[PDB]
Structures are given as C-alpha cells and as structure tokens.
Amino acid sequence: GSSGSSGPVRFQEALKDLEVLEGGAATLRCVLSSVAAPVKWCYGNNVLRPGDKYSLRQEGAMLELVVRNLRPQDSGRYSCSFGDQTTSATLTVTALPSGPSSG
C-alpha cells in the first residue's frame, strides 16, 4: 500500500528546455515543492544511476544532473520520477560547425 499518507511532491519549477552546443556539459535544474530525498532519476526506459557518466546531486529541494560528452544523439526525454507527479524536459545539442578548431 502506502507508507503513511505523507503527501505528493508537486513540481514548482521542473526541468525546462536547455540550450547547449556540442563540446561541453549540460546541467539540468529543478526545484521541488517540498524538501524530500533521496530522489529517483529515469531516462527513457531504464533508470538512471549515480556514477562517472552521470552525476546526481540533491540539496534543499534541488536536483542537479550533469551530462558529459554532450552529443547530438543524446538529446532525448529526461524525466525525473519523484512523488506522485512526474516531470519531463528536452535538451538541445548542436553539432559543432567543424571550424578551424584543432580538436
């Protein structure tokens, strides 16, 4: 059943569309209606886990998901599962113009 009818966690400021160029890192941000943790992170079908590739951080109803090696194929639907409601956002990654850059 339930734990103790505590209450659902509304999404005051969920994740919003992000604009970044290929060759950096993308850090999403979202503030929950209430301070609760730990939190759950999911992307697509499988559930996201804290490690090297990804870095999850929680502090005062605040989440932070960093994504290294930004690629034009990574852009998807990052939705955080927490409480009764769920949020979802989209990232924008532009493929470098392939200029005179060394690389």
# chains A, B, ... in the order shown; residues from 1 in each chain; ligands from 1
$ residues_around --residues "range 44-49 of chain A" --least-positions-apart "6" --cutoff "12 Å" --atoms "only C-alpha atoms" --output "list in words"
residues 55, 56, 57, 65, 66, 67, 74, 75, 76, 77, 78, 79, 80, 81, 88, 89 and 90 of chain A
$ closest_residue --among "A:62, A:100, A:18, A:3" --to "residue 34 in chain A" --atoms "only C-alpha atoms"
A:62
$ residues_around --residues "residue 23 in chain A" --least-positions-apart "5" --cutoff "8 Å" --atoms "only C-alpha atoms" --output "list in words"
residues 69, 70, 71 and 96 of chain A
$ closest_residue --among "A:24, A:50, A:5, A:95" --to "residue 38 in chain A" --atoms "only C-alpha atoms"
A:50
